[PDB]
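Participant: Pasting a structure below so you can have a look.
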Amino acid sequence: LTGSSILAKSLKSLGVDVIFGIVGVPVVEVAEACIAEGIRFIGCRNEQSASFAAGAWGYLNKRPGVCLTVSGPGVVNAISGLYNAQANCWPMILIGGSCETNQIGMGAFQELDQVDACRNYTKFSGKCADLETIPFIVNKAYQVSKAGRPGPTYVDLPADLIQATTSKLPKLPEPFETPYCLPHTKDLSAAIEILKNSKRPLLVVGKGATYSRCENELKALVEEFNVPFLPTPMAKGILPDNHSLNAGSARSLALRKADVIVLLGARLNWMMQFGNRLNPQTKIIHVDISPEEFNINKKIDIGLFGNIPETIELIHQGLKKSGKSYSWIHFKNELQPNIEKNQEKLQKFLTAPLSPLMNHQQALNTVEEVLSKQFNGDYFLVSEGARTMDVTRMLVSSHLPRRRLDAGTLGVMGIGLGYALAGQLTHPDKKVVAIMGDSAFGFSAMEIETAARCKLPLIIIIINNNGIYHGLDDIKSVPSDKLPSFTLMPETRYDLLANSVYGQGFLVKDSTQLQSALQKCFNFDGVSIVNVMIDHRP
Amino acid sequence: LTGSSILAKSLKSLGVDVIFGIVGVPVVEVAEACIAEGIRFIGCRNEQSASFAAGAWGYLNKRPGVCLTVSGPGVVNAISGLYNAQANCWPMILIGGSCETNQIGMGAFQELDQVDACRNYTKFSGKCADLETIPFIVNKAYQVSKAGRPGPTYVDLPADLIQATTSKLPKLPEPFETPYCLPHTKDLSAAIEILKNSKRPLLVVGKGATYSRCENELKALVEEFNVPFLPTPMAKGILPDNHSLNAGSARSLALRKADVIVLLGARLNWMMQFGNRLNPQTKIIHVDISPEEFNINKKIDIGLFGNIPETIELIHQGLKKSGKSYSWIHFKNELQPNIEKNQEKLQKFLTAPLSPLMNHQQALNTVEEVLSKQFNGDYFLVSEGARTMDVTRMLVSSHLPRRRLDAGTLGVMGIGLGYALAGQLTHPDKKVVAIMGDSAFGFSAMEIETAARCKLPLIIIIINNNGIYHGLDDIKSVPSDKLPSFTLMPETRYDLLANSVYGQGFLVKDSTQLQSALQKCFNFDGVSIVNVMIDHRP
Amino acid sequence: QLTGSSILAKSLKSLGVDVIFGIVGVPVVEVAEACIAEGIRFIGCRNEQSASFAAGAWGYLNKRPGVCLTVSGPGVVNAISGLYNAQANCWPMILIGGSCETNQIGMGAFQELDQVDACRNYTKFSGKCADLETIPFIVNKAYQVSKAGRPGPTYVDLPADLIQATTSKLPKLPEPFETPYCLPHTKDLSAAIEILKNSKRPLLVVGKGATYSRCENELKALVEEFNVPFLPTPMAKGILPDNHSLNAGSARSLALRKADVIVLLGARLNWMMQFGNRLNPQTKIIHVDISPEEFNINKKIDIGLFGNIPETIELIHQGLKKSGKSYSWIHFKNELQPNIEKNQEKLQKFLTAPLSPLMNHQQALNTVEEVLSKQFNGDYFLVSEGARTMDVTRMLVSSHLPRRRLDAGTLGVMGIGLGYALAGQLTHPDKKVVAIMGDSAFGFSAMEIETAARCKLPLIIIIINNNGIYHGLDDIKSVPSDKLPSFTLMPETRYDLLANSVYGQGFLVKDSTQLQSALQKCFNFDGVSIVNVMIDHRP
Ligand SMILES: Nc1ncnc2c1ncn2[C@@H]1O[C@H](COP(=O)(O)OP(=O)(O)O)[C@@H](O)[C@H]1O
Ligand SMILES: Nc1ncnc2c1ncn2[C@@H]1O[C@H](COP(=O)(O)OP(=O)(O)O)[C@@H](O)[C@H]1O
Ligand SMILES: Nc1ncnc2c1ncn2[C@@H]1O[C@H](COP(=O)(O)OP(=O)(O)O)[C@@H](O)[C@H]1O
Ligand SMILES: Cc1ncc(C[n+]2csc(CCOP(=O)(O)OP(=O)(O)O)c2C)c(N)n1
Ligand SMILES: Cc1ncc(C[n+]2csc(CCOP(=O)(O)OP(=O)(O)O)c2C)c(N)n1
Ligand SMILES: Cc1ncc(C[n+]2csc(CCOP(=O)(O)OP(=O)(O)O)c2C)c(N)n1
Ligand SMILES: [Cl-]
Ligand SMILES: [Cl-]
Ligand SMILES: [Mg+2]
Ligand SMILES: [Mg+2]
Ligand SMILES: [Mg+2]
């Protein structure tokens, strides 16, 4: 028994079956011990992507993802994923090797107080003091990351413990089911009365709801009482985007005109403009597991402190108790004229003359037609970029829960390939399509070798406008000192990157090439990159 | 006048001429304001590389490099380069946009306390409170980064200031020459007397000595009195690797046998094994600008608190005053049998059977022959990896000061392309060769597009053994759960990445093809990638 | 046969530590007792605030780190006040904190706190002893770092499992190492000399970095050979006497504004100098400091002299001697005489103010100065703390010797009064320590009178009592409790009677005659004396 194998056995007793990371001094022994215990190891090319993958994996699987890094710069690179998981409220454990304990203060190799470096990004950050305490620290990180509001944790394994030996196996952690809570009956009763008296109720469904896996309870409630709902971006698909009660296509109007809003796992942070655009007379019912979230940015009527799935059901039962036959389809019907105006605005983009290239909307509309016909809603989507991501949110539909990851609460670029790895590993029998802007893609592009090596046959679609929001179409005549900050190199051949990893690449300039390229990606055993050149202009 | 242009005018008045970064919300207007003031902007593909480039550029240029990032995850990604510059003692300024000030606490877009996030990685971290204080904060970061022991600083620009306008130009910073200091005369005289009584003195020359640009003084001293010297890795070349007084080829014996060691800008940290292998009877003279560095890890005899170049010259004048002539060539000559024994050990690697692929030594010995014939030492070298870096240090020689950058005090992977950009921008008339392991390369490989776009014709040599220290030559038959953590995909075709950016790539498997490929890189107007497949075994 | 306690103690003793301030508990009492067994005196205080304040002041006074010892958790948190103080003042000290058992971290251990992190932003070095063999390295690093360069506080963490661990092998103990200093570059030095050579109105601004570095003899030689006007900051008062013929302190504002050259000697252009904002932009500034990050930040300077203050003064002096010109800048001091007289007339207006029937601040402190002047002729030790009390003490109570004055300093912190007095009395057992404090200031640390009585430190405490913070009420009996003003304390609180709690002597004083009589009884008393001086309560 070594520090490595006790760490590995502790993770194994808690059900960990895949770890992302990059090895070296001193943690290669830790990774090989985990593999020796039957835990798969996904070696990445940058710890940014490894720690993004771990966080997304935790969100998808409702249990902590695990990331493993070397000391010093390994952990510092992974702070990007700690910050990401903390913002997204996603469970994960970052395990970092650290320098020899008795060399701290001497300028040890990759010396860093890594517990302190991670403390403000995590719900728990701690160091294994000795071999006997390894299970305790691992278990504490595991339990804490998944409890209450989920988030990341940090576990430090100093070099002198990794290679330390013992003959006595410390008591290993045993699984513990996360206890949850329910709203107080008084609050739940008041919220039920608010809904009963409402004329225009609106369920706002966030990624806390999809994480908690409330899709069945939400569907039963929405469909029995015709309750309009509106998903946040990663909640798209919890019910299909084309569901008859989905108000997503009239988002701004539905929010302004609703007289009751039920927030289901969604915060009134920047994504909801802090609640500033809500009618002050709207009554707000907030369902969250973090009680510190209630009545901060915006006055709310009722805070329902409880688990989303059971809370939906309790509200649904409350409405059934009266025996009355509530229906709010009228509110959804009232949003129909605004939905048709928004559709008419989209059509103007779709019929714009070719430049001779397509614009964002024309390219992504073709993608949606192709993907819809091939998969009928059953695949996995990763979405990242600026204009590429917003247009993908409008045009590329979701039909199942937790089949969509995007830049999230941070609006972080660089999650594309890590999230796609996590998605493919969670759904080995499904196709994973990652739709990325050309700028976004360059943050994590080298993980295509990780995907190829780990037999993850990703489909990568790059919407390429030669820069950030827009670009130049010729830089050879621009004096280098005056090269604008937003442009990338015109017609960068991201498609040819696929050949470095024995994949397949396609350069696409028109809808015919786009359709034909995508048809060749559906059954390819490897990485496909579709590099779609679009109009560079703003 | 905006926050953006007051920032840009402040940097320009302090002589800033190039900035690395990535733009977005809310920092696009800042980069464009810098460009309008005549400051060149290098848009990168990940903030890791941009912040590594700024720190390298500061070291090479003896004034702070500048890195610009967006709020939240932009700054967090750049903490890797802060940590790196702090560890290397390199001057730089990280300029981060941040969220609207009156939205802190509300879950603003990319909300992060960025002053605090950067506080422990920097000599100064501060926020611009209003338009009037921007020059003060910029000037403070600039002066602090380069004073004393150099290091990184952080300047926060909130989004409400970036967009703020005024008609009053604040007083702009004026350049100020960094004050140096000299050792106390009593300590200097004691150090001179120690050297006069020495029989086997050794000058240990670190990258503080190259940063302070002491090559002229060092040469004069070494050659007049025949004083053996030993460079640390990035000090290689301060005098040529084949200089007749260079003890680098008998490094452990020279350190073991010296009766006096003069530490010139080098720490007794992990790179010197904390001084643990030095003879306890060896007298130690330590020249540093950081007095907190003296007499911590190892008992020393004299701390010379002073600027390295002037201190070398004062020691030299002190020896020259005595009239009695000094020559320590005998010490160097005593090292020759060990130099020879080390060359014969190297020769066993160079003549080892081919697999049919070369080993690290055979590949890099060929690279050195080709580079030496072409440039006669006059080029720029970046070196990154584990075995690849160690063998490059042994075999690829340096002949001029500050023409070599490697993984440094952190042993950090991922600095390769960022260091190459800074080196090429500092020496536009020289060739930049980056010798990277295959694992190392994957951390920063997408910056080849930055190099192509900004007209930086890098020559990239990848020493490819299919993984980290070693790899497998076949993963097709390995069950995915048992894939080892150290391996990468066999024969990943990094050479083909060059085609994505209209460069040129070469797959190379023997010394003949390596020489032929390298000869085609010397005058190519673009990025060249030579992918050298070597034996995968450990 | 050695323990963590004794390896720590022997490590401190080999580095010359001879006194430690602190408060013991679990398990650090074994550490203090091992220190006492090695010949190190332990000063047990009543609050860690005062202990850490005392350690920092002791460091300043003695030009070597003071040492503070506390228990885990709230012991260390209480001492962060003194770390912040020593950091702001640039004073060398080591805080030594016990911490919880290492293998209980994360479990909710008794007084569990990441104390290394807690102290990190307040210290130059914060570290933990990982095992018995590394105690000397950590202690030595804290000791060397605190005194090198710009001095400052450090933190050493001693976990409970280490305090109690035993070994039969003695680790190598630290050996003393003389702090290396630097000298300014010759180019900068020659440029500074040439600036001074061409000056008509030069001014040496002498700060507490100058007094810490002990440059009084070099400064005196330069000032007196060439008649160079100078101006001390509050704790530099006395480096040359307040009544030295070249002292411009009585015309501070005019001298600063009219100088054509300012030499800053261990003084910063921080809030205490209004950030340089009142200086004439045409004035040339020469800044002598050991922290190069200080140059050209708040204010444009001409020359940064990166070097040790005493040698740098001497090198400037020698540079002026080299020409053979008989430089004399007494004329600039003489130009300040109208302003000095105007300020003295302003003060005399306060001294002749009618009694109310109580004295005002100026009258009480002028009487104090008359008594102290007749009793000591300048040779005593002064601690000064308060708001108005402190400002009037600075104007009226004179200093005549270097490092004989401590006040609220860079933090303007209330609560240093008795800890500083303890350090001053321990540093000068052959001198009398007078602490002049406002009534509000005194209440922060007053219980340390028992520490002084217990440790045979015969402090003389003078409280200038106006019933509150800057001002007070003279009656609160008829004020409804909800409406009691925030600035007032209880009228005529009998701080003098506190002296009886520790077998000292106290005096209630309401006029200058009683003040004189009471003070005269304080100079030869074996114990603590407190003079409670009731003054006018109005603003
Ligand atoms: N099981 C659960 N029950 C209730 N609320 C939860 C649960 N898990 C997470 N949450 C909450 O869901 C919220 C997620 O909000 P956010 O990440 O802003 O979603 P979105 O970005 O989709 O609006 C967090 O406030 C979190 O506390
Ligand atoms: N101008 C200078 N004069 C003296 N010392 C310097 C100067 N600039 C930097 N230094 C010192 O040089 C040292 C660099 O050492 P280190 O980075 O460990 O070098 P290496 O890795 O080459 O051994 C630091 O201690 C730093 O304080
Ligand atoms: N030996 C020394 N040589 C030169 N400067 C020093 C020395 N010791 C301390 N200093 C400097 O003295 C200055 C003290 O300034 P400060 O505390 O503001 O003084 P004051 O409050 O009296 O104005 C600090 O900047 C510190 O770096
Ligand atoms: C880590 C990080 N760095 C920088 C940014 C700023 N940013 C926001 S979107 C974006 C890229 C936008 O370009 P692209 O992905 O090509 O999309 P487009 O809008 O051109 O379709 C960038 C760099 C960010 N959000 N995160
Ligand atoms: C940021 C970071 N992550 C991980 C490591 C661990 N590490 C050390 S060397 C190395 C790469 C070794 O492989 P390669 O560059 O191919 O060199 P080889 O030894 O195979 O020649 C890695 C990942 C590191 N030093 N820094
Ligand atoms: C630790 C701390 N708490 C509070 C303050 C605020 N403060 C400044 S001066 C002062 C006391 C002023 O009253 P006193 O000491 O009686 O003097 P007076 O001006 O009334 O003569 C206080 C509380 C401080 N400086 N430090
Ligand atoms: Cl745009
Ligand atoms: Cl190996
Ligand atoms: Mg784009
Ligand atoms: Mg390799
Ligand atoms: Mg008062």
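So you can find residues: chains in the structure tokens are A, B, ... in the order shown, residues in each start at 1, and ligands are numbered from 1 in order.
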Hey, could you make a per-residue contact list for chain C against ligand 6 with 8 Å as the cut-off, showing the nearest pair of atoms and its distance in Å to one decimal, counting only C-alpha atoms and all ligand atoms, sorted by chain and number, as a Markdown table?

Facilitator:
| residue | atom | partner | partner_atom_place_in_ligand_line | distance |
| --- | --- | --- | --- | --- |
| C:361 | CA | ligand 6 | 21 (O) | 7.1 |
| C:385 | CA | ligand 6 | 15 (O) | 6.5 |
| C:386 | CA | ligand 6 | 15 (O) | 3.5 |
| C:387 | CA | ligand 6 | 19 (O) | 3.6 |
| C:388 | CA | ligand 6 | 19 (O) | 3.5 |
| C:389 | CA | ligand 6 | 21 (O) | 3.8 |
| C:390 | CA | ligand 6 | 21 (O) | 6.9 |
| C:408 | CA | ligand 6 | 25 (N) | 8.0 |
| C:411 | CA | ligand 6 | 25 (N) | 7.6 |
| C:412 | CA | ligand 6 | 25 (N) | 5.2 |
| C:413 | CA | ligand 6 | 26 (N) | 4.0 |
| C:414 | CA | ligand 6 | 26 (N) | 3.9 |
| C:415 | CA | ligand 6 | 1 (C) | 6.0 |
| C:437 | CA | ligand 6 | 15 (O) | 6.1 |
| C:438 | CA | ligand 6 | 15 (O) | 3.3 |
| C:439 | CA | ligand 6 | 16 (O) | 4.0 |
| C:440 | CA | ligand 6 | 16 (O) | 3.8 |
| C:441 | CA | ligand 6 | 15 (O) | 3.8 |
| C:442 | CA | ligand 6 | 15 (O) | 6.6 |
| C:444 | CA | ligand 6 | 1 (C) | 7.8 |
| C:464 | CA | ligand 6 | 21 (O) | 6.3 |
| C:465 | CA | ligand 6 | 16 (O) | 6.3 |
| C:466 | CA | ligand 6 | 20 (O) | 5.8 |
| C:467 | CA | ligand 6 | 16 (O) | 7.2 |
| C:468 | CA | ligand 6 | 16 (O) | 5.3 |
| C:469 | CA | ligand 6 | 13 (O) | 3.5 |
| C:470 | CA | ligand 6 | 20 (O) | 3.2 |
| C:471 | CA | ligand 6 | 20 (O) | 5.1 |
| C:472 | CA | ligand 6 | 20 (O) | 7.7 |

Participant: Print the selection's residues with C-alpha atoms to a file, as a CSV table (one decimal), in the first residue's frame.

Facilitator:
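Written output follows (selection.csv):
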chain,number,residue,atom,x,y,z
C,361,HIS,CA,-5.4,70.2,26.0
C,385,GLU,CA,-1.4,57.9,21.9
C,386,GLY,CA,-4.8,59.6,21.3
C,387,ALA,CA,-6.3,62.0,18.8
C,388,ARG,CA,-6.1,65.7,20.0
C,389,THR,CA,-4.0,64.5,23.0
C,390,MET,CA,-1.5,63.0,20.6
C,408,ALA,CA,0.2,55.7,16.9
C,411,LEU,CA,-1.7,53.1,11.2
C,412,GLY,CA,-2.9,55.8,13.5
C,413,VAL,CA,-3.9,52.9,15.7
C,414,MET,CA,-5.3,53.3,19.2
C,415,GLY,CA,-4.4,50.6,21.6
C,437,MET,CA,-2.7,58.9,26.4
C,438,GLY,CA,-6.2,60.2,25.7
C,439,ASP,CA,-8.9,58.6,27.9
C,440,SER,CA,-10.4,56.7,24.9
C,441,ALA,CA,-7.0,55.5,23.7
C,442,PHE,CA,-6.1,54.2,27.3
C,444,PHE,CA,-7.9,49.8,24.6
C,464,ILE,CA,-5.7,63.5,29.3
C,465,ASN,CA,-9.3,62.9,30.1
C,466,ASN,CA,-12.0,64.9,28.3
C,467,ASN,CA,-14.8,62.3,28.7
C,468,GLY,CA,-14.6,60.9,25.2
C,469,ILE,CA,-13.3,60.7,21.7
C,470,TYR,CA,-12.0,64.1,20.7
C,471,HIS,CA,-14.6,65.5,23.0
C,472,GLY,CA,-17.3,64.4,25.5

Participant: Find the spatial neighbours of stretch 184-192 of chain A, counting only C-alpha atoms, within a cut-off of 9 Å - ignore same-chain residues fewer than 5 positions away - and output them as a ChimeraX atom specification.

Facilitator: /A:197,285,301-306,311,314-316,318-319

Participant: Taking only C-alpha atoms into account, which residues of chain C are within 9 Å of chain A, as an MDAnalysis selection string?

Facilitator: chainID C and resid 102:107 114 117 125:131 133:134 137:138 141

Participant: Find the residues of chain B in contact range of chain A, meaning any atom within 6 Å when counting only C-alpha atoms, and list them as a ChimeraX atom specification.

Facilitator: /B:40,43,45-46,76,80,107-110,269-270,410,442-443,453,481,485,489,492-494,496-497,500-501

Participant: Using only C-alpha atoms, which protein or nucleic acid residues come within 9 Å of residue B:422? Drop anything in the same chain fewer than 6 positions from it, and give the result as a ChimeraX atom specification.

Facilitator: /B:52-58,60

Participant: Show me, as a PDB file with C-alpha atoms, in the first residue's frame, the residues that have an atom within 8 Å of residue C:55 when counting only C-alpha atoms, minus same-chain residues fewer than 3 positions from it.

Facilitator:
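result.pdb, written as the output of this step:
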ATOM      1  CA  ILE C  20       9.228  37.148  24.352  1.00  0.00           C
ATOM      2  CA  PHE C  21       5.799  38.752  24.815  1.00  0.00           C
ATOM      3  CA  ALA C  51       1.774  41.461  23.229  1.00  0.00           C
ATOM      4  CA  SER C  52       2.114  41.747  19.440  1.00  0.00           C
ATOM      5  CA  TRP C  58      10.735  46.130  20.836  1.00  0.00           C
ATOM      6  CA  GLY C  59      11.955  45.180  17.362  1.00  0.00           C
ATOM      7  CA  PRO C  65      13.160  41.023  15.641  1.00  0.00           C
ATOM      8  CA  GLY C  66      10.836  41.135  18.610  1.00  0.00           C
ATOM      9  CA  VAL C  67       9.103  37.833  19.374  1.00  0.00           C
ATOM     10  CA  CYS C  68       5.433  37.176  20.209  1.00  0.00           C
ATOM     11  CA  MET C  93       9.136  40.778  14.627  1.00  0.00           C
ATOM     12  CA  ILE C  94       8.220  37.101  14.710  1.00  0.00           C
ATOM     13  CA  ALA C 423       8.784  47.451  25.218  1.00  0.00           C
TER      14      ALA C 423
END

Participant: Could you list the protein, DNA and RNA residues that have any atom within 7 Å of ligand 10, counting only C-alpha atoms and all ligand atoms, and write them as a ChimeraX atom specification?

Facilitator: /B:437-439,463-470

Participant: Neighbouring residues of stretch 335-342 of chain A were defined as those with any atom within 8 Å, considering only C-alpha atoms; residues of the same chain fewer than 3 positions away were excluded. Please report them as a PyMOL selection string.

Facilitator: chain A and resi 247+249-250+253-254+331-332+345-346

Participant: Mind listing the strand (DSSP E) residues of stretch 415-478 of chain C, per DSSP on the backbone, as a VMD selection string?

Facilitator: chain C and resid 433 to 438 460 to 465

Participant: Output N, CA and C atoms for every residue in the selection just made, as a CSV table (one decimal), in the first residue's frame.

Facilitator:
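Saved file out05.csv follows:
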chain,number,residue,atom,x,y,z
C,433,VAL,N,9.7,55.6,31.9
C,433,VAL,CA,8.8,55.6,30.8
C,433,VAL,C,7.5,56.4,31.2
C,434,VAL,N,7.2,57.4,30.4
C,434,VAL,CA,6.0,58.2,30.5
C,434,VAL,C,5.1,57.9,29.3
C,435,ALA,N,3.9,57.5,29.6
C,435,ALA,CA,2.9,57.3,28.5
C,435,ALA,C,1.8,58.3,28.7
C,436,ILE,N,1.7,59.2,27.7
C,436,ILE,CA,0.6,60.2,27.7
C,436,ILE,C,-0.5,59.8,26.7
C,437,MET,N,-1.6,59.5,27.3
C,437,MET,CA,-2.7,58.9,26.4
C,437,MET,C,-4.0,59.6,26.6
C,438,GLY,N,-4.8,59.8,25.6
C,438,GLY,CA,-6.2,60.2,25.7
C,438,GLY,C,-7.0,59.1,26.5
C,460,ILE,N,4.9,55.3,34.2
C,460,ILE,CA,4.2,56.5,34.6
C,460,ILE,C,3.2,56.9,33.5
C,461,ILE,N,1.9,56.8,33.9
C,461,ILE,CA,0.8,56.9,32.9
C,461,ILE,C,0.1,58.2,33.2
C,462,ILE,N,0.0,59.1,32.1
C,462,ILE,CA,-0.8,60.3,32.2
C,462,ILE,C,-1.9,60.3,31.2
C,463,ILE,N,-3.1,60.3,31.8
C,463,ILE,CA,-4.3,60.3,30.9
C,463,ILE,C,-4.9,61.7,30.8
C,464,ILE,N,-5.0,62.2,29.6
C,464,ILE,CA,-5.7,63.5,29.3
C,464,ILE,C,-7.1,63.2,29.0
C,465,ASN,N,-8.0,63.5,30.0
C,465,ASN,CA,-9.3,62.9,30.1
C,465,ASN,C,-10.4,64.0,29.8
